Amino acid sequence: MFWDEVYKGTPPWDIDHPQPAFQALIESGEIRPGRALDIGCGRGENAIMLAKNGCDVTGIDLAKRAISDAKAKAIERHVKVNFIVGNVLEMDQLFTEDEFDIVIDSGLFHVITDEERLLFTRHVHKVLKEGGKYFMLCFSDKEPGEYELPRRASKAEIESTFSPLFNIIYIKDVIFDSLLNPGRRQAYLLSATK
């Protein structure tokens, strides 16, 4: 399918290190040891980073190629991570309620379609523990109107999407590392709690 196609090679988000915004959450004390889920984990850089910093990590992604490459990376780097092929819009059949202390989202929200957004928020909300944290990284949208392609998320769009089920702690300007020529893209980091 679609996501197997993009992993026939190295897509622009598929950097060889964890995203700096998530590394900084470790440095700032915001990500503390617990059970963590990386939704749309790709080839596993952020998930492995969380695992090397005291978390029990599960990563879920639609693309078997990404999951297979993520697993091999964890094996190479002597780290234990639970990498599984799966659909975040169906993960109620994979995880029970109130399971994860942390959910990280590095570019998944960015690709979730409008008609799947409410369902997406509900599934993320369901698998998080009481008091659980959701950290989401996306490209920032500060331009009036919605002509920009690919989509980018404004603070209003983020607030409108995640306020119904989450308490928003902050939406911070950050950088998103990319393989494309402006290798640093303006981005938002949402910190939210269940």
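For every residue, the number given is its place in the sequence shown, counted from 1.
*Asks:* Could you check the entry and say whether 37 to 45 or 164 to 172 has the higher mean CA B-factor?
*Replies:* In the deposited entry, the stretch with the higher C-alpha B-factor mean is 164 to 172.
*Asks:* Looking at the deposited entry, does 155 to 163 or 47 to 55 carry the larger mean Cα B-factor?
*Replies:* In the deposited entry, the stretch with the higher C-alpha B-factor mean is 155 to 163.
*Asks:* If you compare 88, 102, 108, 118, which has the highest Cα B-factor in the entry?
*Replies:* Comparing C-alpha B-factors across 88, 102, 108, 118, the top value belongs to 118.
*Asks:* Is the Cα B-factor recorded for residue 61 in the lowest, middle or highest third of its chain?
*Replies:* For residue 61, the deposited C-alpha B-factor lands in the lowest third.
*Asks:* Quick one: classify residue 25 as lowest, middle or highest third of the chain based on its Cα B-factor.
*Replies:* According to the entry, residue 25 has a C-alpha B-factor in the chain's lowest third.
*Asks:* Ranking the modelled residues of this chain by C-alpha B-factor as given in the entry, is residue 181 in the lowest, middle or highest third?
*Replies:* Ranked within chain, residue 181 CA B lands in the highest tercile.
*Asks:* Per the entry's values, where does residue 128 land by CA temperature factor relative to the rest of its chain, in the lowest, middle or highest third?
*Replies:* Tercile = middle for this residue's CA B-factor.
*Asks:* Within this chain, which third does the Cα B-factor at residue 187 fall in: lowest, middle or highest?
*Replies:* As the PDB entry reports it, the C-alpha B-factor of residue 187 lands in the lowest third of its chain.
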